[PDB]
Amino acid sequence: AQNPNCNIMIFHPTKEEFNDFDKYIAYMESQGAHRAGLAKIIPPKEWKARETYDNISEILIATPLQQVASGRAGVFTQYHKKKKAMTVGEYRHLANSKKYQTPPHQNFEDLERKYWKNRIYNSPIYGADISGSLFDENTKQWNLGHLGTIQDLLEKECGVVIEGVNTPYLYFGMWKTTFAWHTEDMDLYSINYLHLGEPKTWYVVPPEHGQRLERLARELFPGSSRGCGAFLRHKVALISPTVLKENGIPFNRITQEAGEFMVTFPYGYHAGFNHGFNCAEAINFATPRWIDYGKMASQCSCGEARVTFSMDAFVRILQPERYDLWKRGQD
Ligand SMILES: O=C(O)CNC(=O)C(=O)O
Ligand SMILES: [Mg+2]
Ligand code: NI
Ligand SMILES: [Zn+2]
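Residues numbered from 1 in each chain as written, not as in the entry; some residues may be left out. Chains lettered and ligands numbered in written order. Heavy atoms only, no water. Residues with missing side-chain atoms left out of burial classes, pairs and counts.

### Focus: the pattern of salt bridges
Close approach of charged atoms lets side chains of opposite charge pair. All told, the structure shown has eleven salt bridges when counted by the stated rule. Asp292 is the partner of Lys295 in a salt bridge, and the nearest nitrogen-oxygen pair spans 3.6 Å. Here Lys295 pairs with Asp292, and both are found in helix α8 (residues 290–296), just three residues apart, close to one helical turn. Using a relative accessible area of 46% as the deciding quantity, one classes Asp292 as partly exposed. Salt bridges sharing partners connect three or more residues here, namely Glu163, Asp312 and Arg316. (Salt bridge = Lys/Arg side-chain N within 4 Å of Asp/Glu carboxyl O. Helix = DSSP H or I, 4+ residues; strand = E, 2+ residues; numbered from the N terminus. Buried < 20%, exposed > 50% of the residue type's maximum accessible area, 1.4 Å probe, protein only.)

Given below as C-alpha cells:
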C-alpha cells in the first residue's frame, strides 16, 4: 500500500506531464497521495498562470466577510459578518494597514504560533467565494476555468445527464483569515492555486480517519452537534493542532506559497489560515474514484449549510433516499 503513514506528498511534474490533468491526478493517487487528504503540486518552471497581476485592483469584493470568533484560542467558532463592498485595491490597502497587517515574525513556525495564540482576539476580513478566474485564457495546462465538469464526469461514469454548472471562485485573504474544518460539498475534490501574495497554511486529516475528527468535533461543540448531525458542513468550527494532538487525531500540515497548487481529496478534512494579503482560485472537481464518496457523503439538512444550484442533482442521483430531507433544508 503506497503512503501508508498518509503523509502530504509534493509533486514536481514536468511540462510534458502537465498536459493531461486527469492523468496526473491518477498518477498522484498511484503513489498514495490521496491517503493524506491533501497534496502540493509545484508547476514546471516553463508554466505561468497569466502574464502579470498588475491589473487586478478593480475586481469587486461585493460582500467582504468579517470573521468574528467565539470560544477559546484552540477551540472556537467563527461567524461571518457582512461588510460593505470594496475593490481588491481597497481590500489590499486594508490588509496592509496597521490594524490588519501581518506582525513581525521570524519564520512560518513563529507566525503559526502567533496565529493560534491570538486569532480569536481579532476579526480579519475575508473576500471569499467570488465567482471568477485569474487564469489567462491562453493558459492551456491546469487552467482551473477549463477543467472537465463534475456533471460531465457523472454522465460519463453513470450515464445520467444532469443540469448544473461548475465554475471557479476567487479568495482574497489577509492575515488571520481562516477556513474552518470541512470536506468539500458531496466530498468532492478541490484544487486551489495561490495566484499571488503571502502564504496559506493548511491542516488536513487523512480520509481514512475523518470520522475521528467528526467525533472530536461533536465532543468539542456539543450544542452544534445536537443541532445538526453534519454540522461541520456549516464551515464554522476551528480546532488547533495542539488540541488535535492532545486528542490523538491524525493530521498533517503544510504551507502553500504563491505559484503552487494544492489538491484536496474526497473526504479529506482541511482547515487553515492566510499569512497576509493574498489571492487564491479554487474549484471542485471529480474523478471516477469520487463517485463512491459522493454516494456516502453526509449531509446537513438543518438549513444552515445552504449551497449551490448544482448540488441538487448530485444528491438527487447519488443519494435519492436523502433527497427529500436535504431539499427541505435547502427550502
Ligand atoms: O482558500 C480557502 O479559504 C479555502 N479553500 C479551500 O477550502 C479549498 O480550496 O478547498
Ligand atoms: Mg482590475
Ligand atoms: Ni475546501
Ligand atoms: Zn446543519
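Moving on from the model shown.
### Quick word on the sheet that holds strand β4 (residues 65–72)
Strand order across the open sheet formed by ten strands is β1-β2-β14-β10-β16-β8-β7-β4-β5-β12, with mixed pairing between neighbours. Each edge of the sheet is formed by a strand with only one pairing partner; in this case those strands are β1 (9–11) and β12 (237–239). Going from strand to strand, the sheet's axes swing by 25° on average, the running direction of each strand aside. One ladder, built from three bridges, connects strand β7 (residues 125–131) with strand β8 (residues 169–173); its direction is antiparallel. Bridge pairing links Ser131 to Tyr169 in β8. On the sheet, helix α2 (residues 88–95) packs against β7 and β8 and is oriented at approximately 155° with respect to β7. (Pairing = 2+ DSSP bridges. Axes fitted to C-alpha atoms, helices over the stretch in contact; angles between N-to-C directions. Contact = heavy atoms within 4.5 Å.)

### Points about the nonpolar core
Membership of the largest hydrophobic core comes to 39 residues, with the highest contact counts inside it found for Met28, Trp142, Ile191, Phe261 and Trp290. No other element matches the five residues that helix α9 (residues 311–318) contributes to this core. If we ignore the near neighbours within four places in the chain, the residues touching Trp142 are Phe18, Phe21, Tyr24, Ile25, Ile41, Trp47, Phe135, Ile191 and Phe261. Counting 32 residues, the second largest nonpolar core, distinct from the first, contains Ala69, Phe76, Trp175 and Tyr269. (Core = buried A, V, L, I, M, F, W, Y, C linked by side-chain atoms within 4.5 Å.)

### Points about unusual backbone geometry
Unusually for a residue other than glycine, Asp187 sits at a positive phi of about 50°. Along the polypeptide, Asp187 turns up in the loop between β9 (178–182) and β10 (189–197). Even without being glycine, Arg306 reaches a positive phi, approximately 20°. Position of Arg306 among the secondary structure elements: in the loop between α8 and α9.

### Regarding α9
Across the eight residues that make up α9, a large majority, six, are buried. Turning to α9, its buried residues number three or more, namely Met311, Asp312, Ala313, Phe314, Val315 and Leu318. Where α9 is buried, its residues meet α4 (150–158), α8 and α10 (320–330).

### Observations regarding the environment of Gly329
With respect to the secondary-structure elements, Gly329 resides in helix α10. The class of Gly329 is buried, set by a relative accessible area of 11%. Separated by 28 residues in the primary sequence, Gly329 and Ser301 have C-alpha atoms spaced 4.4 Å apart. When neighbours within four sequence positions are excluded, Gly329 is seen to be in contact with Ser301 and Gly303.

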